[PDB]
Amino acid sequence: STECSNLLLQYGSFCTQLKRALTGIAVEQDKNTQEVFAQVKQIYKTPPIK
Amino acid sequence: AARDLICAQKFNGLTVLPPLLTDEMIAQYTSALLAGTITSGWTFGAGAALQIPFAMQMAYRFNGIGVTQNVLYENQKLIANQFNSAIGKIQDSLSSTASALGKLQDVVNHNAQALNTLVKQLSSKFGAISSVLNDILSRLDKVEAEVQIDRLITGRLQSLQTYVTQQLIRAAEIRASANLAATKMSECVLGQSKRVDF
Amino acid sequence: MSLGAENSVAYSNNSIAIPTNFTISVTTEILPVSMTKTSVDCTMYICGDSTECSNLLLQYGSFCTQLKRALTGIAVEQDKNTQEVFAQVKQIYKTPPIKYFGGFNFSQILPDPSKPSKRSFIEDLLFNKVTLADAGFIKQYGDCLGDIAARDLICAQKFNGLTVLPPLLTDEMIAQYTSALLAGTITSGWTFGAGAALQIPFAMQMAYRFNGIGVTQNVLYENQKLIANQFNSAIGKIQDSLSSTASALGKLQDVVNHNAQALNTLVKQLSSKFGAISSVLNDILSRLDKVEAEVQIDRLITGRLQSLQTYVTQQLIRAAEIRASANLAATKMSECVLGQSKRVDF
Amino acid sequence: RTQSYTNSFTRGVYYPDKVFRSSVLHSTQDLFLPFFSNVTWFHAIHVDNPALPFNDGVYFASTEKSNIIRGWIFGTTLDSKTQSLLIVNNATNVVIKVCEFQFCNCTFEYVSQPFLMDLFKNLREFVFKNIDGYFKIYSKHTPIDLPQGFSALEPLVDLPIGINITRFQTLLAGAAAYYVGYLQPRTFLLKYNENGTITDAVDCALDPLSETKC
Amino acid sequence: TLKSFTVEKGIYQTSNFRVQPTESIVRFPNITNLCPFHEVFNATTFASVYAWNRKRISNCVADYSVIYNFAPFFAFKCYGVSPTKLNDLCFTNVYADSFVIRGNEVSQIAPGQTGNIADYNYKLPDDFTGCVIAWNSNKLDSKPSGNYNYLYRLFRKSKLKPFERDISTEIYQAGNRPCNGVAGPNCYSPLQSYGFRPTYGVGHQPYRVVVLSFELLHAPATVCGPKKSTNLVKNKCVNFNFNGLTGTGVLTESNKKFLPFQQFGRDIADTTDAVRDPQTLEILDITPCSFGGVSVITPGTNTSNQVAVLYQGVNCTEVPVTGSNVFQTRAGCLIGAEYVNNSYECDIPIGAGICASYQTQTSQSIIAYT
Ligand SMILES: *[C@@H]1O[C@H](CO)[C@@H](O[C@@H]2O[C@H](CO)[C@@H](O)[C@H](O)[C@H]2NC(C)=O)[C@H](O)[C@H]1NC(C)=O
Ligand SMILES: *[C@@H]1O[C@H](CO)[C@@H](O[C@@H]2O[C@H](CO)[C@@H](O)[C@H](O)[C@H]2NC(C)=O)[C@H](O)[C@H]1NC(C)=O
Ligand SMILES: *[C@@H]1O[C@H](CO)[C@@H](O)[C@H](O)[C@H]1NC(C)=O
Ligand SMILES: *[C@@H]1O[C@H](CO)[C@@H](O)[C@H](O)[C@H]1NC(C)=O
Ligand SMILES: *[C@@H]1O[C@H](CO)[C@@H](O)[C@H](O)[C@H]1NC(C)=O
Ligand SMILES: *[C@@H]1O[C@H](CO)[C@@H](O)[C@H](O)[C@H]1NC(C)=O
Ligand SMILES: *[C@@H]1O[C@H](CO)[C@@H](O)[C@H](O)[C@H]1NC(C)=O
Ligand SMILES: *[C@@H]1O[C@H](CO)[C@@H](O)[C@H](O)[C@H]1NC(C)=O
Ligand SMILES: *[C@@H]1O[C@H](CO)[C@@H](O)[C@H](O)[C@H]1NC(C)=O
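First to last, the sequence lines map onto chains A, B, C, D and E. Oh and the first sequence: position 45 is 790 in PDB author numbering, straight run, nothing missing. Oh and the second sequence: position 40 is 884 in PDB author numbering, straight run, nothing missing. Oh and the third sequence: position 42 is 738 in PDB author numbering, straight run, nothing missing. Residue numbers 24 to 70, 80 to 136, 165 to 179, 186 to 210, 215 to 243, 261 to 301, in PDB author numbering, belong to the letters of the fourth sequence in order. Residue numbers 302 to 622, 638 to 678, 689 to 696, in PDB author numbering, belong to the letters of the fifth sequence in order.
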């Protein structure tokens, strides 16, 4: 809606803060997965003899 | 014929981004950790991997916990059978009871219900005459519809800010749990732990 | 993305690998401890010396005492975080003038009396690497009151009731704590973390460390020069890495940038109209009668109160994260500087 | 006629208001000439149809060192029926008229300094905009085709004329060569220096890099 | 500030000190002419709504309290401003539009309206910042035989833009058959006259409408009010009224680079930084008066009532006028606690390595130390 978009632009700048917070959250979860699982430098493999 | 909630939240601007690491890469990471642990011991967490037979590795573990290594070499078959029976019991307990993964299921349920109530907040009037903008544009002139649009904008902005604050608190809790999991992986998979009940 | 290099360990039930040589390496760990302490006045921010806005703000409620209490608690929490991390030693120890610690150099980390602030070379590089903004009361109400051809953001946030409080401990006291901890660690070992400091030669202390990690002490006494040279080369590589690359301190730089951008957003939220006819209270009070200006002033009061509450909530969440990081740093100082740690990858 | 085409580069920047700003990155939404647009090059030779549509703002430029351009005529139609603007310059003073008497009962008259202050190449730039009944005239004199660089245009001349303008032509005293640019509502990112003038600008709807910059 | 009668030991931020203004100045341009609203309202006849007049008012002093004597209306209909506050502020250009419409059509002279007058005859912008004055005129605009001199348009191909005219008289062609002047069954003249009789009801009577448009802007002001000026004072916390804007601050001479067309400056928070004096063309910075924060260092109320007061961030040559001993600290100016050369444990924290305590000297007093 054009009128709602104009009034929301006239309102303030909360939405850039919300988008920045959500982007920081998503980058934080990617960092969490990387720092939990990627702890080994090389991919080892088991021998065929078990 | 029966629309799901996923299309209802996708049509309102609420999307879900995929993770950077797929499940195959996480499986490869866990397979590499398992191979290094069952082949080298704790030596792959300090420098390069140093090969050792598994009987000598378990003798190292028994010497770590305070038991002399002759106990293992005289009771190797019993300990191997007890470990195999323990893995079979883990298999049976995971096949029978599905309530062990309640933390992960609660994480999924919390995110789903947060998105569901964020969608359901769009059906509220917040003091205006209607909950839809098109009827406000069509029924009224510019001056009254500006007031009703301002009321709906204030209500939806408050709902979005409440959702963002709750997501921030939940993300802080998840980050603390991830730090605990990383510490457990560093101290218990890559080595032997002397801490009680860790 | 590639997860890593492919490897396959040659496993057999009668084959073992045992190292014949070692390598002494020095790494670096950077942890945030404290953050900027801010003080916010409601009457300067929301109203700015307007009597009608002040009367409607008093008529509104008592949210501002809650915001003031929250910001005060955050500031005292920052001071407590710094005191918990650094003040862990009872007495300010001192190194002897003779600096022969068994062949180890230790000159880049010990302080020098040439600088007025008793900081070492590595501490000087770390302090020069961070472009610190809003360090406290550095403006001191003199530069903002004067005439500047290009106004900065500091005076803009200063004139709107947004101030920054100085930390309780100066950098000289933090450097004195670090020098005392280093002096106790070199001259005593782990004995100064339990009771009184007991002196021991550094070669015998390093032999105690090797006995702690599971290596017999005859390895050190027959390879002391190689270990000293490896430590000196590692310290030189640390110096070169901290001189060349400028992206290592991106946690502290991110803390500074986050505080600066939060204050800048709080300043820039004052220009919004929030549905009113203007964003200036004086134009509203001049252009309208009592009732209409009361309506527009109430709308601007509600918008500015929402912005201030959003800022306070984000500051509370960031203060909780900084407190968790400070607790981790204090645990690392207690367990790894004051003793030898058996925890893997800690 | 000799119609040709030329890139616009970054020659369509003017001051959006009369408020002094220094060291401030400002975002404005107004009728602007887009960056790297298409201007029309005309070569008027008299021993040709000079009627051009207005379309919400006109950017005018000319590289002639000599004072051979006298002024412009505007209006919807030029059959001596509606009000048509007229600028007459004779290197001594400027003359502005509103009445329908064309080039050889007038409401508004304006006499001020001539628009040709300078007598190098002496590039002249003009922006004509008709918003809310005001004929905004922006001009800038640049001693240097269209070069690469920035030159902001100042609102030195304003007209409270309040008429309808659809067509426009020029006046000659032929080897004329002028460029015509068209304005579209765009969003810019103007940069003010320490002296308070506009030195750089970014068109937010050109490429995704400038959208990221905005 | 604690809502209690007993205060424990510590430091408390109580209030904020401010320097009050001393004088009040008003700066208005050197204009002595009088605006002719008399020629606008006191007129013999008006114009039609399709050919509405527009009178430019400029370079005069406007008194809006004399409007009520010229015409017998009820009240102003002002958008953006108030009718009683039109003398304490001033604009750049003021217009006046006169037309005669019907009583049902008065509501279409509002911003954002859609109808017959507000589409095809006279359209107001949605950002209107003026006043609409309308009154009944049934004795000068009505005849028993008929006043047919007032015309309005019913047919138009499109809608009018705000603040524009169309006085063309061409035959409207609604049908698909071209006529080019033949008033047949498909072509009609879009110009009809009101049949004004004195024997109507109150809704169909003629109404005279005068619309005032205001142009508050950063242009130099030409239409202002009856308020006298004041001599300019610098380097003093005063109250200023530069061309209708009210504020409190200290005005100093500038070394800025204002262009001849620019008359105001602004801040990132959209407040005024520099203002141009309307009488003499000079630029003055607006710097706010001295302020800060006040913190109170006290021991327990059961212990003593001695109080040391800290002014946060200022030096001691900037204090306006507590205690007697004055000490300089990097956190601010501390008044009421003497500085000792000893060093003890921190009792009450102050900042930058400075603490305060209540200790003896030989006679109890508050001391400050590193
Ligand atoms: C300990 O390290 C410092 C720093 O590298 C050494 O000081 C350097 O000494 C060389 C030769 O004397 C000079 O060329 C450098 O300019 C010195 N650098 C600095 C920063 O002073 C010092 O020599 C080392 N200690 C010992 C005993 O060799
Ligand atoms: C163990 O490694 C060290 C280096 O990490 C070796 O020391 C080097 O030996 C070579 C050959 O004699 C010299 O050229 C280098 O200058 C030595 N480097 C240092 C830092 O002293 C050492 O020889 C190795 N030991 C064994 C038994 O291989
Ligand atoms: C302008 O448009 C013409 C075609 O109408 C084209 O040939 C010419 O290259 C364009 N000018 C540019 C892109 O500078
Ligand atoms: C003068 O101009 C008006 C319109 O501005 C027009 O109606 C009138 O006919 C003109 N007078 C003459 C004599 O042409
Ligand atoms: C100008 O005249 C045209 C007809 O030539 C008309 O369509 C338009 O509405 C008028 N007004 C403008 C462009 O404001
Ligand atoms: C601003 O103007 C002064 C005055 O000549 C000049 O010295 C300075 O270089 C200008 N600033 C810039 C950024 O060009
Ligand atoms: C303009 O105002 C100044 C103020 O002192 C006055 O001296 C001057 O005479 C005025 N100019 C005119 C033309 O009245
Ligand atoms: C308006 O003013 C005139 C003076 O020009 C006066 O003669 C007349 O009576 C007044 N009233 C009306 C209704 O015209
Ligand atoms: C305070 O004023 C004194 C006297 O002018 C001055 O020397 C000093 O630099 C100022 N600032 C501080 C922080 O003391």
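Positions of the beta carbon are idealized from the N, C-alpha and C atoms, including for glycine.
- With fewer than 16 neighbouring CB atoms inside 10 Å of its own CB, C/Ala831 falls in the exposed class.
- Nearest to E/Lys558 by alpha-carbon distance, out of D/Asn282, D/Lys300 and D/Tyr200, is D/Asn282.
- Not one heavy atom of ligand 4 falls within 6 Å of the beta-carbon of D/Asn282.
- Per DSSP, reduced to three states, the secondary structure at E/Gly548 is strand.
- Shortest gap from the CB of C/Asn717 to any heavy atom of ligand 2: under 6 Å.
- Closer than 6 Å to some heavy atom of ligand 1: that describes the Cβ of C/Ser803.
- Judged by beta-carbon spacing, D/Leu56 lies beyond the 7 Å limit of D/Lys195, meaning their Cβ atoms are not closer than that value.
- Judged by DSSP in its simplified three-state form, E/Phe375 adopts coil rather than helix or strand.
- The beta-carbon separation of E/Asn422 and E/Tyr449, rounded to 17 Å, does not stay under the 8 Å limit for a contact.
- Within the model, the alpha-carbon separation for C/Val911 versus E/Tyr313 is close to 58 Å.
- Here C/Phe855 is buried. Its C-beta has 16 or more other C-beta atoms within 10 Å.
- The continuous stretches of alpha helix (DSSP H) do not include E/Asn437, which lies in the beta strand (DSSP E) extending over residues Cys432 to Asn437.
- A distance criterion of 6 Å places the beta-carbon of E/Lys462 in contact range of ligand 5, judged by its closest non-hydrogen atom.
- The CB of B/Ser1037 never comes closer than 8 Å to any CB in chain A; the least such distance is about 16 Å.
- Looking only at E/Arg466, E/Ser530 and E/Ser494, the smallest Cα-Cα distance to E/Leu455 is reached by E/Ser494.
- CA-CA distance, C/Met740 to C/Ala871, rounds to 37 Å.
- Nearest CB-CB separation between C/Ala899 and chain D: not below the 7 Å threshold.
- Relative to D/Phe275, the option among D/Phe186, D/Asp287, D/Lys113 and D/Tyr265 whose CA is nearest is D/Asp287.
- Within chain E, no C-beta atom comes nearer than 7 Å to that of D/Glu191; the closest sits roughly 17 Å away.
- Identification of chain D residues near C/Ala942 by a Cβ-Cβ cut-off of 7 Å yields none; the smallest Cβ-Cβ distance measures about 24 Å.
- Under the criterion of beta carbons closer than 8 Å, D/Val47 and D/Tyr279 qualify as touching, at roughly 5 Å.
- For D/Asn121, the pairing in a beta bridge is given by DSSP as D/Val126.
- Under the three-state reduction of DSSP output, D/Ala222 falls in the coil class, being neither helix nor strand.
- With a cutoff of 7 Å on beta-carbon distance, D/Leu223 and D/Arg34 are scored as not near each other.
- For C/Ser982, the secondary structure class from DSSP, reduced to helix, strand or coil, is helix.
- Distances from the alpha-carbon of C/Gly908 to those of C/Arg1039, C/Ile973 and C/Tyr837 put C/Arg1039 closest.
- By the rule that beta-carbons nearer than 7 Å mark a contact, B/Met1029 touches chain A.
- Judged by DSSP secondary structure, C/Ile850 falls within the alpha helix (DSSP H) whose first and last residues are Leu849 to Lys854.
- Chain-order list of chain D residues neighbouring E/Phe541: empty, with the shortest C-beta distance near 18 Å, by a criterion of under 8 Å.
- For D/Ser45, the nearest CB of chain C lies under 7 Å from its own CB, placing it at the interface with that chain.
- One thing to note: C/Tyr789 has its Cβ within 7 Å of the Cβ of C/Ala879.
- Within a 10 Å sphere around the beta-carbon of D/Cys166 sit fewer than 16 other beta-carbons, which makes this residue exposed.
- Considering only beta carbons, the part of the region 262 to 283 of chain D lying closer than 7 Å to chain C consists of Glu281, in chain order.
- Residue environment analysis places E/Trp353 among the buried positions, since at least 16 neighbouring C-beta atoms fall within 10 angstroms of its C-beta.
- Judged by the Cβ position, E/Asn343 qualifies as a neighbour of ligand 8 at the 6 Å threshold, a heavy atom of the ligand being closer than this.
- Of all residues in the region 860 to 873 of chain C, those with a C-beta nearer than 8 Å to a C-beta of chain E are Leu861, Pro862, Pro863, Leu864, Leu865, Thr866, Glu868 and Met869, reading in chain order.
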